[PDB]
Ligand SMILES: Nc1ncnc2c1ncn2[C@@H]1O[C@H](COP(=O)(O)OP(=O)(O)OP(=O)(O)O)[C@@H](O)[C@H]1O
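Next up: a single chain in structure tokens, the form deposited without the ligand.
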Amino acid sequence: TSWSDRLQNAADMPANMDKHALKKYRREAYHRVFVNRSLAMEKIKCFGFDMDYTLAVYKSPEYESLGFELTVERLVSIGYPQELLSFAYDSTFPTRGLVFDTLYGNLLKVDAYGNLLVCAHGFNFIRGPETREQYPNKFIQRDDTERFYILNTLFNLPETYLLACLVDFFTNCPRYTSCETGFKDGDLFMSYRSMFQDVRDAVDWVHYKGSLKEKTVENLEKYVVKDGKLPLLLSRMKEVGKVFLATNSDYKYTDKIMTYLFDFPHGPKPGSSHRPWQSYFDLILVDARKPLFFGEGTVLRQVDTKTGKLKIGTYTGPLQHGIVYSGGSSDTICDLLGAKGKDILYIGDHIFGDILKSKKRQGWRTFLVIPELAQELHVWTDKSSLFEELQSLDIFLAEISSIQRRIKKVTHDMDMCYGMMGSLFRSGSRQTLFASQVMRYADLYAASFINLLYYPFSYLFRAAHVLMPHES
């Protein structure tokens, strides 16, 4: 059972809007909205959405496998060895948020400070003492964005696995010679960095020039999760405020995926006339180029909706019924909807491009969707027993040569229940970079934005007051 299976099984459920059915439902973790900083829902005036992996959650592992296979075929078609075609995506390896070090070819799981929690070279886990030969302080500067790349989105799951496949392949194929920074084949040297760049470019190419979009819209039932409760949530939001779409996808793909997600024999609820997806939004904006969107942005353009091409020129007019925007910036939303940052709850899945940058640069309220959270919650309960005993052992310390070894074996035991790269949020007792950025920049987070449906729209999401150590 994948994470997307749990969300499609939640998606098949119709809405029981009885207000205790909601209060009871919302208190099971899978359907709850979690709170890092307090949020008075009644002060929200604009609900904004990303599309891919927010409104449109792709089915796992079918979608990752498709992108992986298309990416590999792209690499082979530009000259990588034919043996890449024998690769097959394996969803139990990659965890989101890992760092690829283009210098030494390692995937790293790090904490908020760049401390190494996990180091894997290909498929072989480098344990502490050996990691020191390349990381003397067991630490990286995770800001050095020219050496390190953070595989931060669900679109990066295929290349996360692929990079480990490549490193393992070249390491063991006897026509290559391993060097510290890459692989030699006679007079040709392939560094890990150029290898990394080919994979990145292949993934881009598959997405923008290859057949990935086509194969997806050809079989949306196989690749995209559909939920009849989405029209209902958006229509409730449209009563209490304004709803808008700001997505990086182009209009044609947006229209194809949005149309699918509203393809029901009803509208907001069973019995009601179906409505076009566009009618659910006071403002629709494609080609957003987030996170640039939250700084200077780009020129505001108008989509020719009959053709899917942009109209020539910059759009200077007012917000108009039926108009579809391309580009612009966060201030475009604020101007045309007459909103300020904290009137805006932006709902998305990219911790950098949607959440961090809108919080830091514009002061927007944030809702982060974590699709894996459905599964992560299932694992964290089922095996929390060994975490409390892990946690009890860190103070079992207090004032004993085996104690520092039972902690290491418990931590590894906890990690493997999630996959080979461990939990999205933890390695044992230590929070990941990702976990830290969620807490710091996501005002709210949930396995799915649909969990909002189970809360009244006056609700005050409250988090505990934070206290410094000396304040206790």
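Counting begins at 1, following the sequence as shown.
Although not depicted, the form solved in complex with the ligand is the subject of the following passage.
Taken together, the three residues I44, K342 and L452 lack any non-hydrogen atom within 4.5 angstroms of the ligand in the deposited complex. From the list 163 to 171, 186 to 194, 355 to 363, 74 to 82, the contact stretch for the ligand in the deposited complex under a 4.5 Å heavy atom rule is 355 to 363. In the deposited complex, the ligand sits beyond 4.5 Å of every heavy atom of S423. Put simply, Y441 is close to the ligand in the deposited complex: some heavy atom of it is within 4.5 Å. Among residues of the shown chain, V324 is not one whose heavy atoms approach the ligand to within 4.5 Å in the deposited complex. Of the heavy atoms in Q437, some are within 4.5 Å of the ligand in the deposited complex. Checked against the ligand in the deposited complex, the residues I150, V243, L337, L108 give one hit for a heavy atom within 4.5 Å, which is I150. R142 is the sole member of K138, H378, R275, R142 with a non-hydrogen atom within 4.5 Å of the ligand in the deposited complex. Of all the residues from 245 to 259, none has a non-hydrogen atom no more than 4.5 Å from the ligand in the deposited complex.
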